[PDB]
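Colleague: Quick one, fold the following:
(2 chains)
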There are 2 protein chains.
Amino acid sequence: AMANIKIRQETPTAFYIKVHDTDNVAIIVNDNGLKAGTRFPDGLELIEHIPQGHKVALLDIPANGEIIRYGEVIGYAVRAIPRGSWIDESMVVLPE
Amino acid sequence: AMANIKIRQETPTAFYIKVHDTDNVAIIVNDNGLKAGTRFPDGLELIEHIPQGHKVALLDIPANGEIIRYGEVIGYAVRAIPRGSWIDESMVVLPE
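Modeller: Numbers count the residues shown, from 1 in each chain, chains lettered A, B, ... in the order given. Find the structure here:
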């Protein structure tokens, strides 16, 4: 009986999507966004609400640190960005 | 970038545990039990609240049909048991 024990989770309805291995941000997926306290396996906990389709910081990003999505630098943090925070556009200087 | 896309689900907190392949019931896992409408990947939807540690019907079980856990017949349904229902003891005749 023990060879094939099965534990089945309740259908998942919230996710993040991380495109490239080097990325330090991911996209939030879930109807009206995800609330603070949302946990991900890996230790990630959202520290504020993040709208659907917006970016979450996968790690602490220091002020002026590279923000990386699809494996490219997409900008630099204006101020330090706590892991699990919403990456709002006002806090990103574009590369130029 | 596309070789290693990753979708990560919110940490699972509710489950059922099915011990043997032939079982038609499983144990519900989650603090104060699981409410009606709880969905599992496989099509299972709970039709009523089921306390933690109690059994859920994985399939429709006809009246007098075998109830199977750990791959043994553990009893027979007194009345037909809808898929996703709580297997309460009052509705099971023991094998003898």
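Colleague: How many neighbouring residues does the nearest residue to residue A:2 once chain neighbours are set aside have?
Modeller: Excluding its sequence neighbours, the residue lying closest to residue A:2 (Cβ to Cβ, 6 or more residues apart in numbering or on different chains) is residue B:19, at 7.7 Å. Bear in mind the C-beta positions are built from the backbone N, C-alpha and C, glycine included. Using other Cβ atoms under 10 Å in any protein chain shown, residue B:19 has 19 other residues around it.
Colleague: Residue A:56 bridge partners, please.
Modeller: With DSSP bridges applied, residue A:56 shows beta-bridge pairing to residue A:26, residue A:86.
Colleague: who are the neighbours in contact with it?
Modeller: Residue A:56 makes contacts with A:16, A:25-28, A:44, A:46, A:50, A:84-87, as judged by Cβ atoms under 8 Å, 6 or more residues apart in numbering or on different chains.
Colleague: circling back to that earlier point, would you check that the residue nearest to residue A:2 makes contact with residue A:7?
Modeller: No - distance between residue B:19 and residue A:7: 10.0 Å, which falls outside the contact criterion (Cβ atoms under 8 Å).
Colleague: Reformat the contacts of residue A:56 as TSV; add neighbour count.
Modeller: As requested, those are arranged in TSV below (neighbours: other Cβ atoms under 10 Å in any protein chain shown):
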residue	neighbour count
A:16	25
A:25	22
A:26	22
A:27	18
A:28	21
A:44	20
A:46	24
A:50	25
A:84	22
A:85	19
A:86	21
A:87	22
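Colleague: Residue A:11 and residue B:42 touch, don't they?
Modeller: No - proximity of residue A:11 to residue B:42 does not meet the contact threshold set by Cβ under 8 Å, at 9.1 Å.
Colleague: how close does the residue nearest the centre of chain A sit to residue A:45?
Modeller: Central residue of chain A (Cα atoms, centre = their mean): residue A:56, 3.1 Å from the mean position. In this view, residue A:56 and residue A:45 are 10 Å apart by Cβ to Cβ, to the nearest Å.
Colleague: shared neighbours of those two, anything?
Modeller: Contacts common to residue A:56 and residue A:45, judged by Cβ under 8 Å, 6+ apart, are residue A:84.
Colleague: Quick one: neighbours of the closest residue to residue A:71 other than its chain neighbours, just the number.
Modeller: Nearest-residue entry for residue A:71: residue A:20, 3.6 Å, with adjacent residues in sequence omitted and distances by Cβ to Cβ, 6+ apart. Neighbourhood size, residue A:20 [other Cβ under 10 Å]: 17.
Colleague: where does residue A:20 land in three-state SS?
Modeller: Of the three states, residue A:20 takes coil according to DSSP: H, G, I helix; E, B strand; the rest coil.
Colleague: Please apply the same query to residue A:67.
Modeller: strand.
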